[PDB]
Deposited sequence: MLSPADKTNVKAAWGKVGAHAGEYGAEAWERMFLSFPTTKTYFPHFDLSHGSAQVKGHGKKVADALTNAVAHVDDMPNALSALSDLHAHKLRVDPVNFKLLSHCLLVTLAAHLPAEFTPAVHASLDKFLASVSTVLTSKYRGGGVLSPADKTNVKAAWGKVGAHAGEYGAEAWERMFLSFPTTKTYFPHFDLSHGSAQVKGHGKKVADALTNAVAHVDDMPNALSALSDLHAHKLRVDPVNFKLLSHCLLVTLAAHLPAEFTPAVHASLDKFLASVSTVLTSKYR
């Protein structure tokens, strides 16, 4: 995820943070609780009053973990292995909150490091915090053999309808989430549109290819990865909306096959596909 120049900027920025990591860490959490009050639901056992020893201590633990991460940027999943376990199995924090903390850590850094917080270093830091968040949420639920079994079973039954289901998924998405239509100003989006049919089929075919190469997805989708990142430039948030509408389409067509277990495996599979397709964006 991180280029070596990225790693250079983070180490330069964090070193300068230095012995202030603790106080900056506490400030970041205080900013989050105030700006995003829903995050307080994970701390009902804390005194969240300003300057609270619990917040100060928590901030210092969190900053140290980030220092450890900066120190081993080339091996983050192993360095944060324990913390990964802890968040996935015990704390069980919804992944959306990680983006909120990352944003407040950036605001904190910005307010304290005027000289250092250049546009390039800003970018690198945002990428680094996203990578940390990814590692910390990586064991929450990549595809186990049972998942891969469930996906191939489900997609096999799709079979020769894969095209028509793909069109339906897109149609469902444009109607349910109208903001996605901004990427298609050059299409007729009316029901039955042959443009939507052709697009849906191409997308479906691409997913068939991913299923076939489920163990080697980054290479099989590499070209599509390049296309979305550097030409189409679709905001990553939209991939979750299409994934949901694919799930709904499958559920509507596979009464027997869409069990809770297969539902979970499909959701994981579509999230991995989405991760691959946005991997080269930055």
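Without any C-alpha position in the structure, which residue ranges of the deposited sequence would you list, numbering from 1?
No C-alpha coordinates exist for 142-144, and that is the only such stretch.
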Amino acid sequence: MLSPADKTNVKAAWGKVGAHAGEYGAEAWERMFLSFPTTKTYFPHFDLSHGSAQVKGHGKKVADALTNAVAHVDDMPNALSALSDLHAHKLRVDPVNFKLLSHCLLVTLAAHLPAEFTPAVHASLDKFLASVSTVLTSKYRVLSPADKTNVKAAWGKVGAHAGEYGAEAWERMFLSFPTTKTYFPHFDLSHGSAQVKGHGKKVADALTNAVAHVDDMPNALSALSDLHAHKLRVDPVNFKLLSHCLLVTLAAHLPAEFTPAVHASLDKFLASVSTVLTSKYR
From here on, numbers count along this sequence of modelled residues.
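Where do the C-alpha atoms have the higher mean temperature factor in this entry, in 78-86 or in 110-118?
Stretch with the greater average CA B-factor: 78-86.
Which of the two stretches, 193-201 or 96-104, shows the higher mean Cα temperature factor in the record?
Mean CA B-factor is higher for 193-201.
Between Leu129, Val73, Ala123, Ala206, which one tops the list for Cα B-factor in this entry?
Checking the PDB record, the top C-alpha B-factor among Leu129, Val73, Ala123, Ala206 is at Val73.
By the entry's C-alpha temperature factors, tell me which of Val151, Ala160, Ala169, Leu175 sits highest.
Spelled out: the listed residue with the top C-alpha B-factor is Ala160.
Tell me, lowest, middle or highest third: where does the Cα B factor of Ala212 rank within its chain?
For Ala212, whose C-alpha B-factor we compare with every modelled residue in the chain, the answer is the highest third.
Considering only modelled residues of the same chain, in which third does the CA B-factor of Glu30 rank: lowest, middle or highest?
As the PDB entry reports it, the C-alpha B-factor of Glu30 lands in the lowest third of its chain.
Can you tell me which third, lowest, middle or highest, the CA B-factor of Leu91 falls into for its chain?
Ranked within chain, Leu91 CA B lands in the lowest tercile.
In terms of the chain's CA B-factor thirds, is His186 lowest, middle or highest?
Answer is highest: the recorded C-alpha B-factor places it there.
For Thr67, does the deposited CA B-factor place it in the lowest, middle or highest third of the chain?
CA B-factor rank for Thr67: middle third.
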